[PDB]
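Below is one structure, written out as structure tokens; the observations come after it.
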Amino acid sequence: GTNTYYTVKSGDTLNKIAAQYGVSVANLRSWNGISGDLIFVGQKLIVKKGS
């Protein structure tokens, strides 16, 4: 399909970025395999919604 993998920008915390670009903590965690808020600027995290 399609994937929008995004480098963590200002909003270094999972809940902050998740709500920032409109994705649930649950799904973006699901395709990243992340437990917790172990996120920092520069980290490459997947975010893709639609299906």
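If you're wondering about the labels, chains in the structure tokens are A, B, ... by order shown, residues count from 1 in each chain, ligands from 1 in order shown.
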Handout entry: DSSP-assigned strand (DSSP E or B) among chain A, expressed as a ChimeraX atom specification
Key = /A:4-7,44-47
I need the chosen residues saved as a PDB file, in the first residue's frame, with N, CA and C atoms.
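Written output follows (again25.pdb):
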```pdb
ATOM      1  N   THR A   4       3.849   6.345   5.435  1.00  0.00           N
ATOM      2  CA  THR A   4       4.417   7.650   5.664  1.00  0.00           C
ATOM      3  C   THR A   4       5.330   7.591   6.880  1.00  0.00           C
ATOM      4  N   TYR A   5       6.571   7.197   6.680  1.00  0.00           N
ATOM      5  CA  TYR A   5       7.478   7.102   7.804  1.00  0.00           C
ATOM      6  C   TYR A   5       8.106   8.467   8.070  1.00  0.00           C
ATOM      7  N   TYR A   6       7.932   8.936   9.289  1.00  0.00           N
ATOM      8  CA  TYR A   6       8.217  10.312   9.651  1.00  0.00           C
ATOM      9  C   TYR A   6       9.317  10.387  10.707  1.00  0.00           C
ATOM     10  N   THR A   7      10.256  11.306  10.517  1.00  0.00           N
ATOM     11  CA  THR A   7      11.263  11.566  11.531  1.00  0.00           C
ATOM     12  C   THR A   7      10.699  12.469  12.596  1.00  0.00           C
ATOM     13  N   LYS A  44      13.141   7.599  13.360  1.00  0.00           N
ATOM     14  CA  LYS A  44      12.324   7.296  12.202  1.00  0.00           C
ATOM     15  C   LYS A  44      11.166   6.395  12.607  1.00  0.00           C
ATOM     16  N   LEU A  45       9.961   6.945  12.635  1.00  0.00           N
ATOM     17  CA  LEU A  45       8.802   6.162  13.015  1.00  0.00           C
ATOM     18  C   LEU A  45       7.786   6.123  11.876  1.00  0.00           C
ATOM     19  N   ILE A  46       7.193   4.959  11.667  1.00  0.00           N
ATOM     20  CA  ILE A  46       6.190   4.774  10.627  1.00  0.00           C
ATOM     21  C   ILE A  46       4.859   5.382  11.066  1.00  0.00           C
ATOM     22  N   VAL A  47       4.186   6.072  10.161  1.00  0.00           N
ATOM     23  CA  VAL A  47       2.801   6.445  10.379  1.00  0.00           C
ATOM     24  C   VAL A  47       2.043   6.398   9.041  1.00  0.00           C
TER      25      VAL A  47
END
```
Practice task
Just the residues within 12 Å of residue A:50, please, counting only C-alpha atoms, with nothing from its chain fewer than 3 positions along; format it as number ranges by chain.
Solution key: A: 1-4, 22-23, 27, 47
Dump as a CSV table (one decimal), in the first residue's frame, selection limited to C-alpha atoms:
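Just written: out.csv:
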```
chain,number,residue,atom,x,y,z
A,1,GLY,CA,0.0,0.0,0.0
A,2,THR,CA,1.6,3.2,1.2
A,3,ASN,CA,3.6,4.2,4.3
A,4,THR,CA,4.4,7.6,5.7
A,22,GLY,CA,-3.9,12.6,13.9
A,23,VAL,CA,-3.0,9.0,14.6
A,27,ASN,CA,-1.8,1.9,15.5
A,47,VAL,CA,2.8,6.4,10.4
```
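All residues of protein, DNA or RNA that reach within 12 Å of residue A:43, judged by only C-alpha atoms and not counting those fewer than 2 positions away in the chain, are residues 5, 6, 7, 8, 9, 10, 11, 12, 13, 14, 17, 32, 34, 37, 38, 39, 40, 41, 45 and 46 of chain A.
You will find atom CA of residue A:28 at 7.6 Å from atom CA of residue A:48.
On the backbone of this structure, DSSP gives helix (DSSP H, G or I) within chain A to residues 14, 15, 16, 17, 18, 19, 20, 25, 26, 27, 28, 29 and 30 of chain A.
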